[PDB]
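A short write-up of the structure that comes next.
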Amino acid sequence: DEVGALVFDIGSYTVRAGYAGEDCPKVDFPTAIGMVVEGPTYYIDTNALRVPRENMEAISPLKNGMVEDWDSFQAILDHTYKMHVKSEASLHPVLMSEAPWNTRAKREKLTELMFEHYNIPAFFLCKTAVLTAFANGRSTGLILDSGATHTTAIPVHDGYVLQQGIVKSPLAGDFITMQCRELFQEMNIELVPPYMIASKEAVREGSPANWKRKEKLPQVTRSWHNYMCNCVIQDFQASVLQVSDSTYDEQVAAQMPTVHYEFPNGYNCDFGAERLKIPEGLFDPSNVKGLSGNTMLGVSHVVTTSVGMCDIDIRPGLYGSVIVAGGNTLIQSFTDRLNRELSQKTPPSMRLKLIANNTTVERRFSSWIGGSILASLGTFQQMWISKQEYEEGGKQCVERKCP
Amino acid sequence: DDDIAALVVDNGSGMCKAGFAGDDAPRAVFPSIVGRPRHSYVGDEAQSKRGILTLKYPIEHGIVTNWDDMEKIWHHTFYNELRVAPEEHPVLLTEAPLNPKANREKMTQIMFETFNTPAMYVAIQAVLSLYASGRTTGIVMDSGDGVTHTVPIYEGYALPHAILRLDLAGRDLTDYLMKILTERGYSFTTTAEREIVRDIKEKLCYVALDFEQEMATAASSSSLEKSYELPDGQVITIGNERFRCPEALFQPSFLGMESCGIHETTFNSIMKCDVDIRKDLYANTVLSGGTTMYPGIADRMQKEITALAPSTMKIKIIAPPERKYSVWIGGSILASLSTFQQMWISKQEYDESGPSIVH
Amino acid sequence: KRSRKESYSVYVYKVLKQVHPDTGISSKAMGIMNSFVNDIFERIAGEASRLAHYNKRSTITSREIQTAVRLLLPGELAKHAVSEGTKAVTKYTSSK
Amino acid sequence: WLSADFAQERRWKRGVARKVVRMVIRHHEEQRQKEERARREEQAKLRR
Amino acid sequence: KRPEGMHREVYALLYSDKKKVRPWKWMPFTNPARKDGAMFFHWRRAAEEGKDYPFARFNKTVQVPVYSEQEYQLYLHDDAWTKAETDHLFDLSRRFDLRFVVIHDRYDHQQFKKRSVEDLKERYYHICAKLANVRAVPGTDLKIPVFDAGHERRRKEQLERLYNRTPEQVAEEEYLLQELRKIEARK
Amino acid sequence: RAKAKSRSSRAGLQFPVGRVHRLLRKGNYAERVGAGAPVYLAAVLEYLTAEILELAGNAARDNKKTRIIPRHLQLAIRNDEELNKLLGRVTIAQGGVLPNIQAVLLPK
Ligand SMILES: Nc1ncnc2c1ncn2[C@@H]1O[C@H](COP(=O)(O)OP(=O)(O)OP(=O)(O)O)[C@@H](O)[C@H]1O
Ligand SMILES: Nc1ncnc2c1ncn2[C@@H]1O[C@H](COP(=O)(O)OP(=O)(O)OP(=O)(O)O)[C@@H](O)[C@H]1O
């Protein structure tokens with residue numbers, strides 16, 4: 001039943017490639033990579049990426065779960081194949097994830113690029129929601145994925161996604177990074193990335209940073225500088241931010257223990273209510289300045305809208321199999337606040353239940369674990385789009401072979 | 001008792017650790033090269049007859065070939081067994097950094113088909129290196145002879161989502177040192193000659209001021225030129241490669257191949273690791289491998305990790321006095337662990353699941 | 001706020017169904033059966049405690065339980081129960 | 001059938017590798033405890 | 001002297017009361033359930049080389065009739081449904097294992113006017129029934145149980161009216177409690 | 001950790017070894033209980049139960065009934081030689097008695 005294949009989960013934040021049947025992906029590496037015209041070169045594992053090198057250039061291969069630059073996408077694929085996978089593509093099928101809102105044009109183009117360039121024996125393109133459901137062990141339910149670019153509620157029914165029920169919101173890791181930037185600029189915190197620091201000394205809490213700048217820094221572009229700053233900001237997020245249990249109240253937030261954090265440059269300080277006031281926008285964007293818009297939907301609002309836009313007969317199943325995934329879901333008390341809001345807003349007639357896949361591996365790599373267990377099944381061995389299928393039906397056979 | 005009968009085999013890019021297990025030291029290590037006619041030999045004989053043999057390393061940054069080569073190294077290692085390998089074979093063999101499915105299955109296939117053993121186990125060299133001491137986690141540098149790694153093995157499990165690697169500090173480091181000696185005036189051009197350059201690492205392996213050590217030492221070159229022993233008696237005061245390319249680990253740009261300096265590479269590994277586990281990653285950073293025998297690696301890793309890490313988290317570096325073979329020692333211990341019996345794979349389950357076993 | 005009371009009905013029915021696939025048991029018969037189990041448990045445990053106290057031992061062991069079963073069960077039932085207990089204590093310590 | 005298997009195998013694997021590194025700590029402890037048992041043997045010779 | 005030599009508890013209880021050939025190989029194989037002859041690989045044993053694919057039994061696709069051009073023009077004609085739409089509906093039904101909740105989402109609204117789930121289900125069932133009602137000889141499926149769409153529309157409407165009622169749930173539950181109260185009082 | 005195995009399954013019994021051990025350890029019986037005592041006790045209890053259930057099912061089939069009722073328990077106990085001695089001083093509700101009519105009180 002098992003067959004040596006290659007499972008790919010190419011997200012806007014990180015790419016996870018590995019073999020089908022393993023509990024974890026072989027290699028997970030950031031997606032927001034740089035570029036250097038050595039021709040354009042790309043890197044993996046973050047060790048060839050976060051290096052000060054001459055003329056770091058900007059690039060965006062995949063945004064919102066969709067390919068933005070086919071050249072950079074092909075380069076990332078080639079590098080993942082020859083550097084970490086270290087195996088010929090013709091020896092292993094390829095099961096790749098895709099965003100539900102991916103277009104037929106991009107689907108067919110990816111299919112033809114995988115069949116005419118790498119000559120893979122079999123190909124399959126599955127949706128991230130279906131993969132998350134298959135990983136969590138449910139064929140019907142609502143997948144809540146809060147990535148770096150968007151927070152999306154996707155209803156899957158019997159293993160198929162209902163496009164008309166999908167809902168998206170831009171409040172995601174990008175919004176959190178913007179809020180962290182604004183908080184730093186308001187608190188007068190100079191965001192210094194590590195590559196600009198030569199040495200530092202220990203300073204008292206709240207005092208200026210005593211650090212020395214490197215003397216032979218190479219030429220780096222504003223894009224690479226912002227990438228390093230966003231990496232630092234994401235570290236700060238994972239180390240500090242926490243979701244409020246209930247609706248954000250300034251009085252209750254001013255009674256919470258502060259969290260100490262030290263930036264790469266040595267500036268160390270404690271954060272109080274400002275670390276809990278930022279993650280509140282994910283659930284209630286009405287209190288976020290610079291976001292003068294009520295049409296934006298919080299996490300619970302997105303969930304409720306996605307459940308409501310579906311047939312009333314299946315809403316009980318969605319409410320009972322609400323699955324939570326994504327990187328942003330790792331913020332402390334995020335799922336607690338989500339469950340509270342969903343129990344408050346959901347009609348008691350429909351049972352509510354959230355899966356407890358709270359581990360980091362279970363959350364961030366859910367879409368890849370799903371593809372792994374889906375390709376490691378004997379039944380799935382009949383859904384493989386073969387090279388002969390591509391040659392006979394053409395690029396358009398993808399739409400009929402893999403919904 | 002597979003624990004008492006334990007056996008370990010590690011291929012390696014520079015020296016296979018072939019030796020009987022159960023004790024705390026290897027027995028019959030060998031250069032691990034396979035020679036064939038130019039127009040089969042393995043080990044010391046091939047290393048001697050390199051002049052009339054096309055030599056190959058079955059280790060390609062951890063990758064190996066299945067049908068033809070690795071079986072020769074295994075036959076050469078079979079001396080560790082009591083010449084009765086078809087009966088005395090509770091062996092654990094090389095586990096490349098990360099090529100789990102294909103390499104593990106194809107290797108276990110050969111092992112069970114050639115020996116049909118009642119005891120086998122599959123664990124990445126990282127976990128064996130960590131068992132040399134034993135604690136929550138290790139981010140072992142594991143700089144041996146072919147590659148460098150940052151394996152964050154939390155609680156004895158190698159988290160693959162955070163494993164990072166480095167390639168330039170492997171074999172090509174000897175070629176860079178050969179080019180440095182060419183600039184000096186020796187001008188070697190083949191392995192049969194630069195074997196002595198490889199040996200130079202026995203003394204020319206120190207670094208203090210990663211940013212200006214070589215310049216500051218060329219300015220005051222005295223009591224630092226160890227004068228390695230050349231065969232022809234040329235004891236010229238080697239005093240620049242003493243500090244050039246021990247630092248190439250921390251500064252890949254110094255060689256020409258670009259990558260995160262070994263220190264910042266390990267740092268990025270533990271950064272990509274979990275937040276709470278990152279404290280133990282800082283506190284239990286291990287150093288292992290032949291390349292880690294450089295006396296300055298410990299202090300330089302201390303300094304660089306303290307510069308790159310927060311002030312609250314300290315760096316409790318641990319370099320075993322015999323880190324040369326810490327991986328082998330830990331593997332032998334894990335093998336001859338008393339109550340580890342039940343975890344050995346045997347012919348019993350092989351005859352019904354074969355390589356479809358956990359891999 | 002539930003006041004859940006335990007019983008041996010889940011295993012008394014498993015043994016019943018394994019020793020008689022086609023025969024069931026009523027609720028009153030199950031209650032009498034659980035009462036019998038409790039009564040014999042009390043008897044054997046008290047006899048083992050008495051043996052321990054007589055031997056001046058503060059802990060009851062499989063040997064005390066074996067002698068208690070030999071004392072309690074009559075004739076050709078004692079031997080059967082003792083062989084069953086011995087076989088179970090040997091199949092349990094063999095890590096199966 | 002297979003979904004629960006991976007979830008089970010994960011908890012089992014992290015449990016298996018766990019107890020492995022575990023007896024590893026007990027083994028190292030047993031080596032220090034081995035030296036302590038040698039000291040106890042010295043004390044037993046003392047007693048004899 | 002005590003023989004023992006065995007486990008303490010078992011020992012006390014007992015006495016105190018007195019040719020290898022079968023290599024696994026990375027073998028190729030074909031799945032008879034497939035029609036494209038795609039060749040895959042598997043770590044089979046040395047005994048079942050070339051044996052049929054065991055999971056091939058899992059190929060019992062859903063049963064969906066296939067009307068012909070003449071049959072459609074004769075009997076399945078409908079003023080509010082064209083071939084371009086009916087063929088697509090049947091294709092979706094065959095592809096997605098006859099689940100109309102998903103067929104409705106996969107419906108091509110860009111070429112055909114919007115549809116609900118009940119109308120699609122009614123159309124499918126009417127097609128299936130009319131295809132076979134032409135003669136009594138067909139034994140596969142003759143009397144397809146065409147579901148009720150009229151009452152289903154109500155079951156949808158007067159239940160969506162209950163779904164999104166926020167305080168009305170509490171109000172109705174409270175009055176139902178009071179209703180049982182005084183009904184028991186007047187019993 | 002490793003997949004937890006219950007002591008009842010490990011031994012090969014159905015009765016709750018865990019609950020038997022709990023009762024033994026918290027009861028009047030002793031200060032602390034060994035691991036082997038509750039296994040043995042549960043095994044003996046299970047054997048007695050299997051025996052009496054076999055006899056009750058036999059009585060039920062004899063009476064042409066599919067459900068074991070207290071009649072089938074009383075008849076089984078008072079027909080068996082050893083179980084009768086075991087439960088001589090025990091009365092069973094709604095169990096009845098045997099049709100043991102003395103030969104001296106019969107028609108003559
Ligand atoms: N430990 C953590 N704690 C909190 N947030 C985290 C953590 N790790 C990652 N994140 C957040 O997760 C986001 C990216 O995660 P994820 O991998 O789910 O994105 P993706 O799904 O791969 O790509 P896309 O979001 O475009 O689909 C980042 O915005 C980052 O801030
Ligand atoms: N004492 C030492 N000081 C410096 N370098 C050393 C020392 N001993 C060995 N080396 C270098 O390290 C290399 C051997 O690496 P080591 O034995 O630690 O791991 P390895 O097994 O050789 O590598 P791999 O594990 O990839 O096979 C040799 O090529 C040698 O040049």
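Ligands are numbered from 1 in the order shown, residues from 1 within each chain, and chains are lettered A, B, ... in the order they appear in the structure tokens.
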Cut-off 8 Å, only C-alpha atoms and all ligand atoms, neighbours of ligand 1 as a PDB file with C-alpha atoms, in the first residue's frame:
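The new file out_36.pdb reads:
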```pdb
ATOM      1  CA  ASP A   9       2.950  21.936   1.528  1.00  0.00           C
ATOM      2  CA  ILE A  10       3.896  25.299   0.017  1.00  0.00           C
ATOM      3  CA  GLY A  11       2.526  28.073   2.215  1.00  0.00           C
ATOM      4  CA  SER A  12       3.024  31.825   2.048  1.00  0.00           C
ATOM      5  CA  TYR A  13       5.160  31.696   5.226  1.00  0.00           C
ATOM      6  CA  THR A  14       6.941  28.318   5.152  1.00  0.00           C
ATOM      7  CA  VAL A  15       7.337  25.373   2.780  1.00  0.00           C
ATOM      8  CA  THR A  31       8.912  30.958   2.095  1.00  0.00           C
ATOM      9  CA  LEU A  62       4.040  32.465  -3.401  1.00  0.00           C
ATOM     10  CA  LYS A  63       1.504  34.716  -1.672  1.00  0.00           C
ATOM     11  CA  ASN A  64      -1.896  33.815  -0.215  1.00  0.00           C
ATOM     12  CA  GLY A  65      -1.178  30.166  -0.982  1.00  0.00           C
ATOM     13  CA  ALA A  99      -5.225  26.977  -1.372  1.00  0.00           C
ATOM     14  CA  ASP A 145      -6.535  28.243   9.210  1.00  0.00           C
ATOM     15  CA  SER A 146      -4.950  31.494  10.427  1.00  0.00           C
ATOM     16  CA  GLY A 147      -1.736  31.732   8.421  1.00  0.00           C
ATOM     17  CA  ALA A 148       0.633  34.628   7.855  1.00  0.00           C
ATOM     18  CA  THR A 149      -1.420  36.274   5.096  1.00  0.00           C
ATOM     19  CA  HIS A 150      -5.056  35.485   5.962  1.00  0.00           C
ATOM     20  CA  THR A 151      -7.404  33.801   8.417  1.00  0.00           C
ATOM     21  CA  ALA A 172      -3.269  37.427   9.999  1.00  0.00           C
ATOM     22  CA  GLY A 173       0.451  37.239  10.763  1.00  0.00           C
ATOM     23  CA  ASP A 174       0.950  40.281   8.548  1.00  0.00           C
ATOM     24  CA  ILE A 176       0.193  41.063  13.837  1.00  0.00           C
ATOM     25  CA  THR A 177       3.579  42.141  12.465  1.00  0.00           C
ATOM     26  CA  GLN A 234       7.727  37.112  14.669  1.00  0.00           C
ATOM     27  CA  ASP A 235      10.141  35.916  17.353  1.00  0.00           C
ATOM     28  CA  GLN A 237       5.255  37.557  18.814  1.00  0.00           C
ATOM     29  CA  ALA A 238       5.928  33.899  19.603  1.00  0.00           C
ATOM     30  CA  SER A 239       7.698  34.899  22.831  1.00  0.00           C
ATOM     31  CA  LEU A 241       1.955  38.003  22.658  1.00  0.00           C
ATOM     32  CA  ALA A 325      -5.028  25.167  12.548  1.00  0.00           C
ATOM     33  CA  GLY A 326      -2.388  27.655  11.450  1.00  0.00           C
ATOM     34  CA  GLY A 327       0.630  29.364  12.934  1.00  0.00           C
ATOM     35  CA  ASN A 328      -1.273  32.254  14.511  1.00  0.00           C
ATOM     36  CA  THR A 329      -3.327  29.720  16.506  1.00  0.00           C
ATOM     37  CA  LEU A 330      -0.256  29.065  18.692  1.00  0.00           C
ATOM     38  CA  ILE A 331      -0.731  32.372  20.538  1.00  0.00           C
ATOM     39  CA  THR A 360       3.025  23.048  17.326  1.00  0.00           C
ATOM     40  CA  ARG A 363      -0.942  22.959  14.067  1.00  0.00           C
ATOM     41  CA  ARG A 364       1.655  24.361  11.660  1.00  0.00           C
ATOM     42  CA  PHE A 365       2.185  21.068   9.792  1.00  0.00           C
TER      43      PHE A 365
ATOM     44  CA  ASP B 274      10.081  25.904  20.060  1.00  0.00           C
ATOM     45  CA  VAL B 275      10.198  28.867  22.466  1.00  0.00           C
TER      46      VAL B 275
END
```
| field | Exercise answer, chain C residues close to chain F, 6 Å and only C-alpha atoms, as a ChimeraX atom specification | value | /C:11,23-26,29,46,49,58-62,65,81,85,88,91-92
| field | Per-residue DSSP, chain F, filtered to strand (DSSP E or B), as an NGL selection string | value | :F and (32-33 or 67-68)
Just C-alpha atoms for this one: save the residues we selected as a PDB file, in the first residue's frame.
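Result file is again-v3.pdb:
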```pdb
ATOM      1  CA  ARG F  32      -0.310  -2.691  51.734  1.00  0.00           C
ATOM      2  CA  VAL F  33      -1.115  -5.290  49.081  1.00  0.00           C
ATOM      3  CA  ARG F  67     -32.596 -15.237  30.139  1.00  0.00           C
ATOM      4  CA  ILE F  68     -30.939 -16.449  33.340  1.00  0.00           C
TER       5      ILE F  68
END
```
Please produce, as JSON lines, a per-residue contact table for chain E versus chain F (criterion: any atom at most 12 Å away, only C-alpha atoms considered), showing the nearest atom pair and its distance in Å to one decimal, sorted by chain then residue number.
```
{"residue": "E:7", "atom": "CA", "partner": "F:36", "partner_atom": "CA", "distance": 11.9}
{"residue": "E:8", "atom": "CA", "partner": "F:36", "partner_atom": "CA", "distance": 10.6}
{"residue": "E:9", "atom": "CA", "partner": "F:36", "partner_atom": "CA", "distance": 7.2}
{"residue": "E:10", "atom": "CA", "partner": "F:36", "partner_atom": "CA", "distance": 9.1}
{"residue": "E:12", "atom": "CA", "partner": "F:36", "partner_atom": "CA", "distance": 11.2}
{"residue": "E:13", "atom": "CA", "partner": "F:36", "partner_atom": "CA", "distance": 10.1}
```
| field | Within 10 Å of ligand 2, counting only C-alpha atoms and all ligand atoms, residues as a ChimeraX atom specification | value | /B:10-17,29,31-32,59-62,94-97,125,142-149,170-171,173-174,195,197-206,246,288-295,322-328
| Could you write out, as a ChimeraX atom specification, all the residues of range 134-336 of chain A that DSSP marks as alpha helix (DSSP H)? | /A:134-136,173-187,222-240,250-253,274-277,299-308,315-320,334-336
| task | Kindly determine which residues of chain D lie within 9 Å of chain F, considering only C-alpha atoms, and give the answer as a PyMOL selection string. | result | chain D and resi 8+11-19
Would you save the residues from that selection as a PDB file, in the first residue's frame, using N, CA and C atoms?
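Wrote it out as part24.pdb, contents follow:
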```
ATOM      1  N   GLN D   8      -1.663   7.779  17.163  1.00  0.00           N
ATOM      2  CA  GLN D   8      -1.213   6.849  18.192  1.00  0.00           C
ATOM      3  C   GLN D   8       0.289   6.612  18.091  1.00  0.00           C
ATOM      4  N   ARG D  11       2.282   9.559  19.604  1.00  0.00           N
ATOM      5  CA  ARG D  11       2.338   9.520  21.061  1.00  0.00           C
ATOM      6  C   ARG D  11       3.166   8.337  21.546  1.00  0.00           C
ATOM      7  N   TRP D  12       3.092   7.209  20.837  1.00  0.00           N
ATOM      8  CA  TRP D  12       3.918   6.058  21.190  1.00  0.00           C
ATOM      9  C   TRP D  12       5.391   6.341  20.920  1.00  0.00           C
ATOM     10  N   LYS D  13       5.693   6.933  19.762  1.00  0.00           N
ATOM     11  CA  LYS D  13       7.083   7.210  19.414  1.00  0.00           C
ATOM     12  C   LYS D  13       7.709   8.186  20.404  1.00  0.00           C
ATOM     13  N   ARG D  14       7.041   9.315  20.652  1.00  0.00           N
ATOM     14  CA  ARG D  14       7.550  10.265  21.635  1.00  0.00           C
ATOM     15  C   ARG D  14       7.611   9.639  23.022  1.00  0.00           C
ATOM     16  N   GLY D  15       6.759   8.639  23.258  1.00  0.00           N
ATOM     17  CA  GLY D  15       6.853   7.902  24.532  1.00  0.00           C
ATOM     18  C   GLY D  15       8.023   6.935  24.474  1.00  0.00           C
ATOM     19  N   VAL D  16       8.177   6.222  23.352  1.00  0.00           N
ATOM     20  CA  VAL D  16       9.270   5.213  23.207  1.00  0.00           C
ATOM     21  C   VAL D  16      10.631   5.917  23.286  1.00  0.00           C
ATOM     22  N   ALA D  17      10.901   6.859  22.377  1.00  0.00           N
ATOM     23  CA  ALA D  17      12.173   7.617  22.416  1.00  0.00           C
ATOM     24  C   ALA D  17      12.339   8.230  23.809  1.00  0.00           C
ATOM     25  N   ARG D  18      11.222   8.666  24.403  1.00  0.00           N
ATOM     26  CA  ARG D  18      11.274   9.273  25.756  1.00  0.00           C
ATOM     27  C   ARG D  18      11.931   8.272  26.704  1.00  0.00           C
ATOM     28  N   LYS D  19      11.279   7.131  26.949  1.00  0.00           N
ATOM     29  CA  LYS D  19      11.809   6.106  27.889  1.00  0.00           C
ATOM     30  C   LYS D  19      13.219   5.669  27.471  1.00  0.00           C
TER      31      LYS D  19
END
```
At a cut-off of 9 Å, can you tabulate as a tab-separated table every residue of chain D near chain A together with its closest atom pair and the distance in Å to one decimal, using only C-alpha atoms and ordering rows by chain then number?
```
residue	atom	partner	partner_atom	distance
D:2	CA	A:373	CA	7.2
D:3	CA	A:137	CA	5.7
D:4	CA	A:137	CA	7.2
D:6	CA	A:23	CA	6.8
D:7	CA	A:23	CA	8.4
D:9	CA	A:23	CA	8.4
D:10	CA	A:23	CA	6.8
```
Can those selected residues be exported to a file as a short mmCIF file (atom, residue, chain, number, x, y, z; two decimals), in the first residue's frame so that it contains C-alpha atoms?
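This is the output file out05.cif:
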```
data_model
loop_
_atom_site.label_atom_id
_atom_site.label_comp_id
_atom_site.auth_asym_id
_atom_site.auth_seq_id
_atom_site.Cartn_x
_atom_site.Cartn_y
_atom_site.Cartn_z
CA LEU D 2 -4.81 5.03 9.57
CA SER D 3 -5.54 8.53 10.89
CA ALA D 4 -5.74 7.34 14.50
CA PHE D 6 -0.37 8.00 13.08
CA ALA D 7 -1.74 9.95 16.04
CA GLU D 9 2.21 6.11 16.70
CA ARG D 10 3.26 9.71 17.37
#
```
| message | I'd like the contact shell of residue 27 in chain D - 10 Å cut-off, only C-alpha atoms, skipping same-chain residues fewer than 5 positions apart - returned as a PyMOL selection string. | response | (chain B and resi 131+134+333-334+337-339) or (chain D and resi 21-22+32-34)
Could you dump the residues just selected with N, CA and C atoms as a PDB file, in the first residue's frame?
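The result, stored in again_3.pdb:
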```
ATOM      1  N   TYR B 131      23.167  10.641  23.597  1.00  0.00           N
ATOM      2  CA  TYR B 131      23.273   9.617  24.629  1.00  0.00           C
ATOM      3  C   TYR B 131      24.681   9.496  25.195  1.00  0.00           C
ATOM      4  N   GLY B 134      23.638  12.491  27.911  1.00  0.00           N
ATOM      5  CA  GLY B 134      22.284  12.245  28.369  1.00  0.00           C
ATOM      6  C   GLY B 134      21.649  13.437  29.054  1.00  0.00           C
ATOM      7  N   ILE B 333      26.676   2.698  23.927  1.00  0.00           N
ATOM      8  CA  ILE B 333      25.927   2.660  25.183  1.00  0.00           C
ATOM      9  C   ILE B 333      24.454   2.371  24.911  1.00  0.00           C
ATOM     10  N   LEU B 334      23.859   3.105  23.968  1.00  0.00           N
ATOM     11  CA  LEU B 334      22.462   2.870  23.618  1.00  0.00           C
ATOM     12  C   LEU B 334      22.246   1.422  23.195  1.00  0.00           C
ATOM     13  N   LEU B 337      22.527  -1.017  26.273  1.00  0.00           N
ATOM     14  CA  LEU B 337      21.674  -0.530  27.349  1.00  0.00           C
ATOM     15  C   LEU B 337      20.890  -1.715  27.901  1.00  0.00           C
ATOM     16  N   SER B 338      20.820  -1.814  29.231  1.00  0.00           N
ATOM     17  CA  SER B 338      20.326  -3.038  29.857  1.00  0.00           C
ATOM     18  C   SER B 338      18.905  -3.373  29.414  1.00  0.00           C
ATOM     19  N   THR B 339      17.928  -2.535  29.764  1.00  0.00           N
ATOM     20  CA  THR B 339      16.522  -2.829  29.506  1.00  0.00           C
ATOM     21  C   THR B 339      16.047  -2.262  28.171  1.00  0.00           C
TER      22      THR B 339
ATOM     23  N   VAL D  21      15.838   7.662  25.973  1.00  0.00           N
ATOM     24  CA  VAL D  21      16.727   8.690  26.596  1.00  0.00           C
ATOM     25  C   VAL D  21      16.634   8.546  28.116  1.00  0.00           C
ATOM     26  N   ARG D  22      15.502   8.047  28.610  1.00  0.00           N
ATOM     27  CA  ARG D  22      15.268   7.927  30.071  1.00  0.00           C
ATOM     28  C   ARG D  22      16.242   6.907  30.675  1.00  0.00           C
ATOM     29  N   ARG D  32      27.647   6.107  37.749  1.00  0.00           N
ATOM     30  CA  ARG D  32      27.945   6.687  39.054  1.00  0.00           C
ATOM     31  C   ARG D  32      27.481   5.755  40.166  1.00  0.00           C
ATOM     32  N   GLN D  33      26.303   5.149  40.003  1.00  0.00           N
ATOM     33  CA  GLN D  33      25.866   4.136  40.953  1.00  0.00           C
ATOM     34  C   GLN D  33      26.729   2.886  40.878  1.00  0.00           C
ATOM     35  N   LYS D  34      27.362   2.617  39.733  1.00  0.00           N
ATOM     36  CA  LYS D  34      28.330   1.527  39.669  1.00  0.00           C
ATOM     37  C   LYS D  34      29.559   1.826  40.520  1.00  0.00           C
TER      38      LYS D  34
END
```
| task | Please provide as number ranges by chain all residues within 12 Å of residue 106 in chain E, with the sequence filter that same-chain residues fewer than 3 positions apart are discarded (counting only C-alpha atoms). | result | A: 160-165, 399-400, 403; E: 88-93, 95-96, 99-103, 109-110, 112, 114-117, 120
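Using only C-alpha atoms, the contacts of range 59-73 of chain E at a cut-off of 8 Å, with sequence neighbours closer than 2 positions omitted, comprise residues 33, 56, 57, 75, 76, 77, 90, 93, 94, 97, 98, 128 and 131 of chain E.
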| said: Show me, as a VMD selection string, the residues of chain A whose atoms get within 6 Å of chain B, using only C-alpha atoms for the distance check. | reply: chain A and resid 26 to 28 45 47 to 48 51 199
What does the file look like for those residues with N, CA and C atoms, as a PDB file, in the first residue's frame?
```
ATOM      1  N   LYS A  26      10.147  16.330   6.101  1.00  0.00           N
ATOM      2  CA  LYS A  26      11.597  16.191   6.067  1.00  0.00           C
ATOM      3  C   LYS A  26      12.294  17.528   6.269  1.00  0.00           C
ATOM      4  N   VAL A  27      11.811  18.582   5.611  1.00  0.00           N
ATOM      5  CA  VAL A  27      12.432  19.897   5.689  1.00  0.00           C
ATOM      6  C   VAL A  27      11.347  20.965   5.650  1.00  0.00           C
ATOM      7  N   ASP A  28      11.402  21.866   6.627  1.00  0.00           N
ATOM      8  CA  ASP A  28      10.543  23.039   6.690  1.00  0.00           C
ATOM      9  C   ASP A  28      11.423  24.278   6.647  1.00  0.00           C
ATOM     10  N   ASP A  45      16.705  26.085   4.137  1.00  0.00           N
ATOM     11  CA  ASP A  45      17.182  25.726   5.474  1.00  0.00           C
ATOM     12  C   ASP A  45      17.561  26.943   6.312  1.00  0.00           C
ATOM     13  N   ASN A  47      19.997  28.724   6.482  1.00  0.00           N
ATOM     14  CA  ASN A  47      21.422  28.946   6.709  1.00  0.00           C
ATOM     15  C   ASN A  47      22.090  29.566   5.494  1.00  0.00           C
ATOM     16  N   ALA A  48      21.628  29.220   4.296  1.00  0.00           N
ATOM     17  CA  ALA A  48      22.041  29.917   3.088  1.00  0.00           C
ATOM     18  C   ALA A  48      21.168  31.130   2.796  1.00  0.00           C
ATOM     19  N   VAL A  51      22.120  35.029   5.535  1.00  0.00           N
ATOM     20  CA  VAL A  51      23.554  35.299   5.468  1.00  0.00           C
ATOM     21  C   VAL A  51      23.742  36.702   4.909  1.00  0.00           C
ATOM     22  N   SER A 199      28.533  43.234  18.587  1.00  0.00           N
ATOM     23  CA  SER A 199      28.616  42.833  19.983  1.00  0.00           C
ATOM     24  C   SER A 199      27.684  43.712  20.804  1.00  0.00           C
TER      25      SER A 199
END
```
Could you give me, as JSON lines, every chain B residue with an atom at most 9 Å from chain E, plus its closest atom pair and distance in Å to one decimal, counting only C-alpha atoms, rows ordered by chain then number?
```
{"residue": "B:106", "atom": "CA", "partner": "E:26", "partner_atom": "CA", "distance": 8.9}
{"residue": "B:109", "atom": "CA", "partner": "E:24", "partner_atom": "CA", "distance": 6.8}
{"residue": "B:110", "atom": "CA", "partner": "E:23", "partner_atom": "CA", "distance": 8.9}
{"residue": "B:112", "atom": "CA", "partner": "E:23", "partner_atom": "CA", "distance": 8.1}
{"residue": "B:113", "atom": "CA", "partner": "E:23", "partner_atom": "CA", "distance": 5.8}
{"residue": "B:116", "atom": "CA", "partner": "E:20", "partner_atom": "CA", "distance": 7.8}
{"residue": "B:351", "atom": "CA", "partner": "E:22", "partner_atom": "CA", "distance": 7.8}
{"residue": "B:352", "atom": "CA", "partner": "E:45", "partner_atom": "CA", "distance": 8.8}
{"residue": "B:353", "atom": "CA", "partner": "E:45", "partner_atom": "CA", "distance": 8.6}
{"residue": "B:354", "atom": "CA", "partner": "E:24", "partner_atom": "CA", "distance": 6.2}
{"residue": "B:355", "atom": "CA", "partner": "E:24", "partner_atom": "CA", "distance": 7.1}
{"residue": "B:356", "atom": "CA", "partner": "E:43", "partner_atom": "CA", "distance": 7.1}
```
